[PDB]
Protein chains: 2
Amino acid sequence: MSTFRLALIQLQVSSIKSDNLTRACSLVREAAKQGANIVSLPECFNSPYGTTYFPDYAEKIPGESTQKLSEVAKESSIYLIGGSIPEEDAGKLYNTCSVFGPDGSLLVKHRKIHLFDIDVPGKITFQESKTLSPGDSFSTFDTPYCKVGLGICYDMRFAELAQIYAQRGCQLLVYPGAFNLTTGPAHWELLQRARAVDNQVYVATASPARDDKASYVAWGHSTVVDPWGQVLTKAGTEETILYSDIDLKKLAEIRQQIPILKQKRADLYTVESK
Amino acid sequence: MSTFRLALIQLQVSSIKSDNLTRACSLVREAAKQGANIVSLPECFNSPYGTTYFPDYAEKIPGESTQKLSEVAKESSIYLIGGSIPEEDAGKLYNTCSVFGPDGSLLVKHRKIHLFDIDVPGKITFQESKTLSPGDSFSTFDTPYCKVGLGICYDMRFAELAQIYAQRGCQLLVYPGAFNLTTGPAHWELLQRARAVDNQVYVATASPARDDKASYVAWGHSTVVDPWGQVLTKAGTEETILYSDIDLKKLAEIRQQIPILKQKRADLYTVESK
C-alpha cells in the first residue's frame, strides 16, 4: 500500500465529442492493463477548449461523458480522474473534474475554483468567466494508498489550495490542465514543482496533447513531481500515456529529513479554509 | 522612482570577525559607488556559520558589527540589509538581519523565524535550534521605491511568510541565506522562483561565497527573480557583487496580465497573520 501506479492520459482532443470519449475510454483501459491504479484524463478532454465551445458541448452530470467514465472505471477497477468537461447546472456552466472509483461510483466533483482570465499582450487573451462560473468547494478523494486533492489548470496558480489540501492529509495533488506556448515554458513546470516542494506532496499534471491548429494550443508535457521538487517523469507534446510509480515511503522520508510541515509557526500565521 | 538598483554582496566569510567587517563595509561602499540604492550582505556574514561558533561571535545590537553597518549606510546614503549576524539578547541567541537606512537609522531587525533543523542522511545534518532561538515577528521596511520584506535562509521554505509580506504590500523580498551542496541544486532556485511567481514580487537571495574548507559549505549563487518567476541574474560560487535594476513598472504589468492577487477566493481561504 506504499506504492501505486499513476497514469496520465495525454489525449489528443478533436472537435467530435464521441471521438474523444471513444479514444479516452480505450486509453483508460490500456492504462489499467499496464497496472495503473489511478488514471487521469486531461482538462476539457471531451471537447475543444474555448468560451464559444463550452455552451454547446456542456452536459449535465450524469450525462453522456460521465456515464462512459463511470463504466470504464468500474470495468477496469481503477480510480479515474475524469480530466474536466464543461458541465451545465441550473443555467450555469462549469469546468468540472469528476472522479470515479473502482466500483463506478462518483467520489467527488471539482468545479474549477479560479477561472482562466488572463491577458498577455500579443500572446494570449482568455476570459473563461465570460461563459463559465467558478466552483466553491475543496475536492479530495480517498484511495487505499492515500488521499488525493484536485485542481484544474489555473487553480495551480493559487498556493493556498495546495496548502489546504496538504493540511487535510493529501499526499498526491492532480491538476488536469493545459497551459499554452506562452505560459507553458514560463510557469508550467515551476508551479507544479512549487506545489510539490512547499507542501511535501506528489504533484501530477494531465494536459491534452498539442494540436497546433486548435484555437488554444496546449503546451503538453504532462508531468509528475515528487515531494523533493524533483521531476519524476515528463511527457513530450504528442499523445501518450505517462506512467509513474508513486512511492509514498519516499514522501514519508522527505517529510522527516526537511520537516517543514512540522515546523510551521501557527502562533504567527495560518492558512484558514472556510 | 519605479526602478532602483539592488546589489547583493556575495562575501567570502573568514574566521576573523574584524576581517569580515572590514571587507563587508568596503564592498558596501563599492556597491553604493556603482549606484546601488539597496544593498544586501549575506547570512552570517561576520562569522563562521555553525552552532559552536554562534555563542562566541554573538553580539548585542547595537554592537561592533551593527555600528559599522550603521556608519557605512549613513556615509553611502543607502538602504543596507545587514545579512545576518548572531545576536545575543537576554541569555538567548538569534540569527538576526538588521536593516539600516540612508541616515544610519535601524529600520527593522528580523530574527530568523524558522530555524535550520534538518537531517539528510549521508549529506547534511544541522540543528540551529541547539543554540539559537526563533524570532516571532514579520519584518518589513519602506524605501521611496517600494516596501521590502525579509526572511533568512530556511525562512524561504515557508510559503506563508511571503504570502503575508505580499498582502502587506511588499514588492521585493530579500532572503540572506546559504544553502549547501545538497539543498542548493535541489531547492535554492526553485524556492525563490516559487516565492516570486506565486506572490508576484521580486525575490533576491544573498549568499556568502563558497568556501570548500568551511564546516558548512555554501552553495553560493546569489540570485534575483522577477514576478514572472524569471531569473534576472545569478552569481557563481566566488566572491562578487551582483547588481540588478529592479523594474517596478514590469511588476505592475505582470500583476495586470495574470492578475492572481486580484483573483484570490477570500470566501474559501485566507492566510491569517498575528
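Read the figures in this text as sums done on the coordinates, not as results from a lab. As a convention, Cβ positions derive from the backbone with ideal geometry for all residues, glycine included, and neighbour counts pool all protein chains shown.
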Practice task
Please enumerate the residues belonging to the range B:202-214 that are out of contact with any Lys or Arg (no Cβ under 7 Å at 6 or more places or on another chain) and of a type in the set (A, V, I, L, M).
Solution key: B:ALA204, B:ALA206, B:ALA209, B:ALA214
Practice task
Provide a single number: the residues in the range B:126-143 that are buried (at least 17 other Cβ atoms within 10 Å of the Cβ), more than 19 Å from B:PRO62 (Cβ to Cβ) and facing chain A (nearest Cβ under 10 Å).
Solution key: 2
Fill in the blank from the handout: Among residues of the range B:230-273 being part of a loop (DSSP other than H, G, I, E, B) and more than 22 Å from the chain's Cα centre (by Cα), the residue surrounded by the most Cβ atoms within 10 Å (Cβ to Cβ) is B:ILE258
Handout entry: Residues satisfying the stated conditions in the range A:135-167, i.e. touching a residue at least 40 places away in the same chain (Cβ under 8 Å) and assigned to a loop (DSSP other than H, G, I, E, B)
Key = A:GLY135, A:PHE138, A:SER139, A:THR143, A:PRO144, A:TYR145, A:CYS146, A:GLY151, A:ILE152, A:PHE158
Problem - Filter result for the condition that a residue is buried (at least 20 other Cβ atoms within 10 Å of the Cβ), of a type outside the set (D, E, K, R), away from chain B (no Cβ under 14 Å) and under 27 Å from A:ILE124 (Cα atoms), over A:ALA214, A:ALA209 - result: A:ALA209
Exercise for the section: Within the range A:208-240, count every residue that is among the hydrophobic types (A, V, I, L, M, F, W, C) and either in contact with a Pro (Cβ under 9 Å, 6 or more places away or on another chain) or at positive phi (or both). Expected result: 4
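Examine the range A:251-258 for a residue that is touching a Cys at 6+ places or on another chain (Cβ under 9 Å) and more than 14 Å from chain B (Cβ to nearest Cβ), and state whether such a residue exists.
Within the range A:251-258, one or more residues are touching a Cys at 6+ places or on another chain (Cβ under 9 Å) and more than 14 Å from chain B (Cβ to nearest Cβ).
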Practice task
Confirm whether B:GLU239 is under 30 Å from B:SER26 (Cβ atoms) and touching a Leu at 6+ places or on another chain (Cβ under 9 Å).
Solution key: yes
Practice task
Write out, first by first residue and then by second, each pair whose Cβ atoms fall under 6 Å of each other, whose residues are 6+ apart or on separate chains, and whose first residue, in the range B:106-125, is facing chain A (nearest Cβ under 7 Å) and closer than 15 Å to B:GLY149 by Cα while the second is of a type outside the set (D, E, K, R) and part of a loop (DSSP other than H, G, I, E, B).
Solution key: B:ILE113/B:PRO134; B:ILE113/B:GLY135
Practice task
Look through the range B:259-274, keep the residues that are more than 8 Å from chain A (Cβ to nearest Cβ) and among the hydrophobic types (A, V, I, L, M, F, W, C), and return whichever of them is nearest to A:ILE164 (Cα to Cα).
Solution key: B:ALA266
Problem - Scan of the range A:195-215 for residues that are over 16 Å from the mean Cα position of the chain (by Cα) and within 12 Å of A:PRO227 (Cβ to Cβ), ordered by number - result: A:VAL197, A:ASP198, A:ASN199, A:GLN200
Handout entry: Within the range B:154-182, considering residues that are hydroxyl-bearing (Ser, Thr, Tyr) and crowded, with 22+ Cβ neighbours inside 10 Å, the one farthest from B:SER215 (Cα to Cα)
Key = B:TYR165
Handout entry: Identity of the residue in the range A:181-206, in a helix (DSSP H, G or I) and more than 22 Å from A:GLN163 (Cα to Cα), that ends up nearest to the other protein chains (Cβ to nearest Cβ)
Key = A:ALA186
